[PDB]
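# quick one: experimental structure and sequence below.
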2 protein chains.
Amino acid sequence: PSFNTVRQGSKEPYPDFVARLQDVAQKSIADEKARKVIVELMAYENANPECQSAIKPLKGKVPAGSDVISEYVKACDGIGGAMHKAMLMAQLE
Amino acid sequence: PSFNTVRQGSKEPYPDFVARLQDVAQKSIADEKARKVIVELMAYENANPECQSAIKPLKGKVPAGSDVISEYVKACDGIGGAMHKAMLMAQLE
């Protein structure tokens, strides 16, 4: 398929959802930039509807010099149990 | 936000959904490749759940030398009225 079409399933571990996002983006991409930009992007666009919803505030915002994935996984760092379903109505909105 | 976070709304015209997808990807990206790859990718990942669903068969497959968007818009070229809602159960699945 695409590289990055790999996406967070039922509360799939986020740093892992994106780690394979990057992995195969890396397998299919020779451009680190296109690799990152799509891992860091699909991290939202491809993530769980709640998890990208954890991400939308960070969406576009990355710390200067840091990885956006780090933050996007940090976004869903609260998603995976209980808080996932509390935030489901807030973030997924 | 991102560049490409612009996505097909309620049966939003697809070549147009992605044309702005590309536009702002172009505004925010200096790399034509990262521009294309994300327009051609978000063309699915960001498209309408039916329209990307029009795209999944083309997802990853582009004609040698052609734009994938051309095909992805062609995918939703049947989406926008009537067939959209027929295909809604098939493609969105």
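Perfect, I can see it now. Numbers count the residues shown, from 1 in each chain, chains lettered A, B, ... in the order given.
# what does stretch A:14-23 rub up against?
Stretch A:14-23 is contacted from outside by A:4, A:6-9, A:35-36, A:38-39, A:42-43, A:46-48, A:51, A:69, A:72-73, A:75-77, A:79-80, using CB atoms under 8 Å, 6 or more residues apart in numbering or on different chains. C-beta coordinates here come from the backbone N, C-alpha and C atoms, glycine included.
# repeat that for 7 Å
A:4, A:6-8, A:35, A:39, A:42-43, A:46-47, A:51, A:69, A:72-73, A:76, A:79 (CB atoms under 7 Å, 6 or more residues apart in numbering or on different chains).
# which two in these are spaced the farthest apart?
Taking CB to CB as the measure, these span a maximum distance of 24.1 Å, between A:35 and A:79.
# ok, residue A:45 - contacts?
Going by CB under 7 Å, 6+ apart, residue A:45 touches A:52, B:42, B:45-46.
# just to revisit the earlier point, and residue A:35 and residue A:79? Which one has more around it.
The residue with more neighbours, out of residue A:35 and residue A:79, is residue A:79; 27 against 23, by other CB atoms under 10 Å in any protein chain shown.
# hmm, that one is touching residue A:50, no?
Yes - using CB atoms under 7 Å, residue A:79 is in contact with residue A:50, at 5.8 Å.
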